[PDB]
Amino acid sequence: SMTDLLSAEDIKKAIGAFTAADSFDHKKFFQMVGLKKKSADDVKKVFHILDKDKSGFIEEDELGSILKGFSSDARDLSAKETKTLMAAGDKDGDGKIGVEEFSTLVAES
């Protein structure tokens, strides 16, 4: 889980409070979820949870799957988010998010 690091409450509200909004851009959700509340290391703690067999990074395509890790209560990465959230979080512009970019996504939102 990611409650000891990331604000457990935030993730609960941010995830279940935005059905369509976050559906467009989770960036804002990134703020409400409380991912910024901590540092890249803290947020990364979940990255190890979700990025278990992603070889260090998840692909925008599969990103919509791994999404449920946190979003299991909300929706997943759709066309909009793949291009919006993945392409954003992965500011480096690699179409994917790895241990390196997962820190950048914190600076994004």
# chains A, B, ... in the order shown; residues from 1 in each chain; ligands from 1

call {"tool": "select_by_dssp", "arguments": {"residues": "region 3-102 of chain A", "states": "alpha helix (DSSP H)", "output": "PyMOL selection string"}}
result
chain A and resi 8-17+21-24+26-32+40-50+63-66+68-71+79-81+87-89+101-102

call {"tool": "select_by_dssp", "arguments": {"residues": "chain A", "states": "strand (DSSP E or B)", "output": "ChimeraX atom specification"}}
result
/A:57-59,96-98

call {"tool": "residues_around", "arguments": {"residues": "residue 22 (chain A)", "least_positions_apart": "2", "cutoff": "12 Å", "atoms": "only C-alpha atoms", "output": "PyMOL selection string"}}
result
chain A and resi 13-20+24-33+71+74-78+80-82+84-85

call {"tool": "write_last_selection", "arguments": {"atoms": "C-alpha atoms", "output": "tab-separated table (two decimals), in the first residue's frame"}}
result
chain	number	residue	atom	x	y	z
A	13	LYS	CA	-10.68	11.72	-2.17
A	14	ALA	CA	-8.64	12.56	-5.25
A	15	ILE	CA	-9.26	9.09	-6.67
A	16	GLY	CA	-12.96	8.72	-5.89
A	17	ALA	CA	-13.81	12.42	-6.23
A	18	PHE	CA	-12.83	12.75	-9.89
A	19	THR	CA	-14.61	10.42	-12.31
A	20	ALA	CA	-14.44	12.56	-15.46
A	24	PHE	CA	-9.00	13.97	-18.65
A	25	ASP	CA	-5.85	14.96	-16.75
A	26	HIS	CA	-4.66	13.22	-13.58
A	27	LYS	CA	-2.06	15.99	-13.22
A	28	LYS	CA	-4.49	17.98	-11.10
A	29	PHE	CA	-5.38	14.75	-9.37
A	30	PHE	CA	-1.65	14.38	-8.75
A	31	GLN	CA	-2.06	17.38	-6.47
A	32	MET	CA	-5.31	16.28	-4.81
A	33	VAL	CA	-4.07	12.70	-4.46
A	71	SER	CA	-6.70	4.29	-9.25
A	74	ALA	CA	-11.27	5.28	-9.87
A	75	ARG	CA	-10.91	4.99	-13.66
A	76	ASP	CA	-7.78	4.15	-15.66
A	77	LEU	CA	-5.45	5.91	-18.12
A	78	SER	CA	-7.47	6.57	-21.26
A	80	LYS	CA	-6.53	11.50	-23.03
A	81	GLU	CA	-4.48	10.54	-19.96
A	82	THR	CA	-2.07	8.34	-21.89
A	84	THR	CA	-2.01	13.81	-21.07
A	85	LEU	CA	-0.94	12.15	-17.82

call {"tool": "residues_around", "arguments": {"residues": "region 89-96 of chain A", "least_positions_apart": "6", "cutoff": "6 Å", "atoms": "only C-alpha atoms", "output": "VMD selection string"}}
result
chain A and resid 58 to 60 105 108

call {"tool": "write_last_selection", "arguments": {"atoms": "C-alpha atoms", "output": "short mmCIF file (atom, residue, chain, number, x, y, z; two decimals), in the first residue's frame"}}
result
data_model
loop_
_atom_site.label_atom_id
_atom_site.label_comp_id
_atom_site.auth_asym_id
_atom_site.auth_seq_id
_atom_site.Cartn_x
_atom_site.Cartn_y
_atom_site.Cartn_z
CA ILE A 58 5.74 1.45 -17.57
CA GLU A 59 4.59 1.99 -21.11
CA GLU A 60 1.91 4.57 -21.89
CA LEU A 105 5.96 13.70 -12.61
CA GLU A 108 4.98 18.28 -13.49
#

call {"tool": "residues_around", "arguments": {"residues": "residue 72 (chain A)", "least_positions_apart": "6", "cutoff": "12 Å", "atoms": "only C-alpha atoms", "output": "PyMOL selection string"}}
result
chain A and resi 1+11-12+15-16+50+64-66
